[PDB]
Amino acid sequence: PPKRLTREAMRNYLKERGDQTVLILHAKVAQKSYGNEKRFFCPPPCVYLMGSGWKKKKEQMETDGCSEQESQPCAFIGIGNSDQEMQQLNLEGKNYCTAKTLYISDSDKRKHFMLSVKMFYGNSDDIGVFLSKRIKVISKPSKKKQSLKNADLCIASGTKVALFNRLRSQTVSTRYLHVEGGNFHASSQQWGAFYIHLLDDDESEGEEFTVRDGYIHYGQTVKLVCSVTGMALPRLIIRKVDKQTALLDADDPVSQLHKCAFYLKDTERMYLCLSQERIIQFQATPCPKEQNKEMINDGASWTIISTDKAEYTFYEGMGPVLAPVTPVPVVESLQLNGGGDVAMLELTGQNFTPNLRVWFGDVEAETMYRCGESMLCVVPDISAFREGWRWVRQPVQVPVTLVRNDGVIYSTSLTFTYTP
């Protein structure tokens, strides 16, 4: 029998912020299969179960009577939705797992799609169905020049990419750029998401740099920063690859699934190359009859692909619930109205429902639903956080949380700060 969240329960949650997070890490595009072929999604989508809440829930379930088998979360992956072919992910003893065998056939007429993650515990108690960000179906990558008109295939400076290498048309040889143990390596099992930043040509080397806006073009100076570790490679010039060559005179916009070359800016034709698991510096041999072409190593060719991440955070504030936790509301940003009648806060995001309430700390706010991507609420008086405060004395920072009618808490990682 469902229950509303109480200030005591809210207070208790805020004491130990034990949330259960689901991350779906994937590519923004996908190449389609045809004649019974299975052109697997590369890089493989990855489901990570993050947060202190997973252990807290394993503990809760096991004390109630569940075995380790029963308390173990289960995940299944698929596309939205086909004829229900869902692959089991194995997270047994792992905080994450990759979807190594996913593909999309010509039979699917959808121009776009989302991955769906069905989740439940061993005992079959539901968690819910988590959606990836929008994925664009692609016939194959553009062999000739690209236009900014279809920017859905272009690479915007400041967005994230995956970079992989494959030898002799073999799925077995697939190694991905990735940082672990303080180093950049080429993993056959993990993959990194690197921000690709555009720098002006005049820009100097070093730890600090100025990023520029716009679409990435061959010949431009880029900077690749791992979105987890925070490590970068030295300045690189992204270059087109014809076959075993690197074209210098090319200045076309860099597109999805194209083969690239990373010339280490200010070096004697040195490129970012792979040798087994190692990331090295390999020197290109220049073409005898062409000043605009350099022969590069087979491990110096990298397929570039735009990546995205879906993040869902929930907590059983009033204990286990009947209804799934999904669709988990996501808050993109907060804004004041301001600055009109009374202080209003505007929430921009997705998966908002009429049955959600905004909370500032342990204080519930008058909440007004607008649509699934917009919500309005009234900022409570400062006196609701500090007894008898006739005005805001000194700054107070309070968490903004979305709470559901049945007790589920969805934290935002956003706060509201009162100032005089």
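Heads up: residue numbers just count along the shown sequence, starting at 1.
Taking the mean C-alpha B-factor of each stretch as recorded, 312 to 320 and 241 to 249 are not equal, and the higher mean is that of 241 to 249. Just going by the entry, 218 to 226 versus 105 to 113 on mean CA temperature factor gives the higher value to 105 to 113. Within the selection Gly80, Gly192, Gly158, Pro327, the deposited Cα B-factor values reach their highest point at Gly80.
Per the deposited record, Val342 carries the highest C-alpha B-factor of all listed residues (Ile304, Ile135, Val342, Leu233).
The deposited CA B-factor of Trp391 belongs to the highest third of values across its chain. Annotation for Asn351: C-alpha temperature factor in the middle third relative to the rest of the modelled chain, per the entry. In this PDB entry, the Cα temperature factor of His185 sits in the bottom third of its chain's modelled residues, the lowest group. When the CA B factors of the chain's modelled residues are split into thirds, the value for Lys55 lands in the lowest one.
Looking at the C-alpha B-factors along this chain, the one for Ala365 belongs to the middle third.
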